[PDB]
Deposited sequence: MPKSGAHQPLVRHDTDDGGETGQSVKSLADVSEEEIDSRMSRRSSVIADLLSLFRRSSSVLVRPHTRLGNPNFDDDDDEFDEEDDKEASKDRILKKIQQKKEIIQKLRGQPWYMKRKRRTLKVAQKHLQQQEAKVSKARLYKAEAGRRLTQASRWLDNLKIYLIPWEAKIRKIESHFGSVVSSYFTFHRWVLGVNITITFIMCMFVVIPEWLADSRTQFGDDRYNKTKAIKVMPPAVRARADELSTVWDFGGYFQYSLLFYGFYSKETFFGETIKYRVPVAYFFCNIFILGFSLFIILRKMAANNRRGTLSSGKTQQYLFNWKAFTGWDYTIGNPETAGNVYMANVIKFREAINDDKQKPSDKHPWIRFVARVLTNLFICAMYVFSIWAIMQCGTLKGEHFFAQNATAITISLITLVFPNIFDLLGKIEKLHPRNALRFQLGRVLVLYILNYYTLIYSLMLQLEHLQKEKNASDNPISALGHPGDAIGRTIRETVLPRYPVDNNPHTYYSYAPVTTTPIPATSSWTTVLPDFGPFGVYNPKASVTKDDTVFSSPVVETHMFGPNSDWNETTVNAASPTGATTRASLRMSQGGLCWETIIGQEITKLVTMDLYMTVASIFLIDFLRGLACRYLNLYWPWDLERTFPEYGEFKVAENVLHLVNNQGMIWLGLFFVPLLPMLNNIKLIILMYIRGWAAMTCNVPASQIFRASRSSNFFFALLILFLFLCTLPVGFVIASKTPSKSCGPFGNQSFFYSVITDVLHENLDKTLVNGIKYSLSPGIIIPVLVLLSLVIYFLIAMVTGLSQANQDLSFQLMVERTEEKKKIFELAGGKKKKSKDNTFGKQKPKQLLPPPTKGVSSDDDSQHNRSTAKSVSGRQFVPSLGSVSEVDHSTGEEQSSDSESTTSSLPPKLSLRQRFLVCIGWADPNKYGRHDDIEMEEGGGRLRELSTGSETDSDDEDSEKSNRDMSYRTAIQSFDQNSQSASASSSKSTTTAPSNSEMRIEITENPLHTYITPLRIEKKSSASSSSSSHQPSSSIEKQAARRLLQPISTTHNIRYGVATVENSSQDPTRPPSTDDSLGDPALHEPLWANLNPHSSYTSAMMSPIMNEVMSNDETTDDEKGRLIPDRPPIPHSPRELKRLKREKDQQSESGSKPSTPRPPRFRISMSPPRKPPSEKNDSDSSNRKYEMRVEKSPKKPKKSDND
């Protein structure tokens, strides 16, 4: 008999939540809310006191959730900045800044994990250390500077290479002792935390990006039918951006809509495509050949600047400067050559994005190869560069960390310089010198500057990939990256407001909200391979912890498991972790994923149909 009462109460509870999204005036919402609340409180002969207290606890939990959400809404930064940028330019441009804030949040989470589980315990152990202490006795080698390094740290050359106080700090791999633990029993071994935190950070980053992509699909944009049957409707009912606040951007939108509608009327073979007989095809072939030549030139230049020696102001930073210059220059050359190619604007944008992505991947792997060769050469050299041996042995992990942090800092500096020159100084030139130049700088070449959203996204994802690659050797790398991100944000915002001009027409290569996160997962997958290979194959250094004098990088976990489950079962795991078993598992995953993709496909179509029937 109580079933009807509980059912109607549950229905009214559901109405309470559903009221937030109803197409009703505020008076109707207020009346319905009051009536539903009165019905909820009015119910006589309620459930038993245990479940009554359960309902009370649920209401208190809902109130606490609302309170914590209200508290959290105060902690979202740059809402005003992003709103102003969106108003001046639009949703497409502000998408980059929203993505930047999200990446900053992910990096903040990574920093919190690294600090809580790795950096802070090591700092506490160092602080509790005393002169003459056993931990000091056994960590003086990798924690206390020799007098030569202490004297030379003040020199600018050491600061360039991070070989001064930075090397003997919690920033790099070598400083972390392999004897650091907490607890008389069930010890909290710091090297184990280091390894597990690196692995868990990789996995957690992958999980977070996947969760964001799933949330974006859940939002409703995934309901697209992958069809062009509604091109006119999608150009008419989404033809205006409601986020525009600047009149000039509004006029640009008007002109773009006129162009799009006229083209759509005249497209579909109404105006057949025609060009020069053979000139443009040969031009495209030659441009592609020259772009491949620029690719191989970039590879060779990275290799050549890798094999540069000395202590000069430039020989130490030659590789980072070269990589940054290539990254900040070659996309401009690609854009210029796109004019020669004369492709479809969307197709041209897709080609340029693919070319920049390929360039980034090639530069990344070439840097990996060059650092490998340099490490091998330095290892062979033994039997200022010599000062790096003061830490104890080569500490090639620390050398990789120093190189990667030099690359990151130089990327920041060169990005700031490029923003200052290409955007600001060019803007001033086009504004003032236009009275004298024969070419109309503003009108013909070069314009004041359009904010390349996709190129900036690619640069940010490349930076995040470098952070992922260097995270193992540089535990505090994301923290520094945080500062970089913040700086970039502000500068980019400034570069948007004071220097850039709204684009005449906006094209999206993907037209999907998860494309940036697709690039992010691609870069994460590419970056997780070299570090995994290093862990599985490369032997750790014999002096610098936390894996000092270990047979392998994973030997710590193996020793821990052996000490704790001497059972062959450990061997059974090893047994599992075997080439003859992981390949059947890989093909089973490939067979299951295929089936799964299809199922969702079909489910979506069916849903499609259900809705249609309604």
Completion exercise
Per the record, the structure omits deposited positions 1 to 88, 472 to 582, 814 to 1203
